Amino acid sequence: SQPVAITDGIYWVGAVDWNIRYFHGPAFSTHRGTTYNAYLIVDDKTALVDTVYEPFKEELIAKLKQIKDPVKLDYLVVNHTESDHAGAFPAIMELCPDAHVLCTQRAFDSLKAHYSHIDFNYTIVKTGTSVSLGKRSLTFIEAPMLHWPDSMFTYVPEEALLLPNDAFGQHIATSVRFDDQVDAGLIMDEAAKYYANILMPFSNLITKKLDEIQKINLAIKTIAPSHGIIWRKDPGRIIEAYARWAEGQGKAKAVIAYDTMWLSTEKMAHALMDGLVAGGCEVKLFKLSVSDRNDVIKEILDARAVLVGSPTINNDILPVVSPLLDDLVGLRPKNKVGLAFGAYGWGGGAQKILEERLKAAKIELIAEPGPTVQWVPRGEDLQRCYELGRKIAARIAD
């Protein structure tokens, strides 16, 4: 209800969403809700950075009024136009028709598309352009595909404050606002779940952007994303993390996701696992119909190996295994080795589909024609899987 000062004249005026359990419709599971972060920079001219998810506009406005009532607003920065950040645009614009919009070109197009019927003053910004607010100013950095084509970060020189919008955020609801008021390991895990499910496909763009920021030698003292905690005590940690994740070196870990109807594919999953562990490798095993897809993807970000298994039903794979596969193809895991496996009763069919989809995700099969078994595994069948797991372990070496 109350705004929170990041420093004098700079306030967090977002909204906390405790009860939301799924983001992007079904796409992302938020076991602990999330927040919609918006920032108010007060000066000779005052600027509001991003807005809020439409259902929380009241909270935005109520917080704005707590800093200064008749909401002033000279500039309204729109770093991103998805709905969780631009949904309260009509309301804010209605509250200050004179507000000057600062956004990218693609942003401007999106904004006219999602709202039209709303006229407003503006200026398309590009990497490097800068507006002054008086004592402080805000410069911009275009971030195409650093989630969306319209994406961009805002930087406040005078304070070394970076406002990347989605980048560096984590989906978590707390009444506390800063990284130093939260458990280090828990918040870094949320951050990884975030990266893995949203930024994984743009890993190469992340390093490029990180380097650009590195060259220009930008001083970053605090990072305020659009979701979650504000990295005020140690931005370095999250920046180093993004670099490692985007590089994709990985860790000597393997994720095995699968499902079964009568346990044979499971017995194979188990043997494969034993081989992987014997080869000195950490293993995470997921029975998909009982695990969270986003929690599985998060584990894959650091894994060097991804094994997926399934029996064949009606000459296809088991439908619970589909989500993970189409999600992998779209997320484009970088630098991963893999394997498909599973049982069958007569003709088979799921193995082709599994290898097809795994290759479409650019994951290199450690073995064209993966382990397959008819009806039930026998001693040598499980032994072969064990050896295979041992092979994968040797390659994921480290």
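All residue numbers refer to positions in the sequence shown, first residue = 1.
Looking at mean Cα B-factors across 62 to 70 and 29 to 37, the upper value is held by 62 to 70. In this crystal structure, the stretch out of 53 to 61 and 38 to 46 whose C-alpha atoms carry the higher mean B factor is 38 to 46. Within the listed group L276, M188, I118, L263, the record reports its top CA B-factor for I118. Taking the deposited Cα B-factors for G134, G228, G280, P323, the highest one is held by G134. Ranked against the other modelled residues of its chain, the C-alpha B-factor of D17 as given in the entry falls in the lowest third.
Among the modelled residues of its chain, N165 has a C-alpha B-factor that falls in the middle third, as given in the PDB entry. Among the modelled residues of its chain, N217 has a C-alpha B-factor that falls in the highest third, as given in the PDB entry. Among the modelled residues of its chain, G309 has a C-alpha B-factor that falls in the lowest third, as given in the PDB entry. In the deposited entry, the Cα temperature factor of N79 sits in the middle third of values across the chain's modelled residues.
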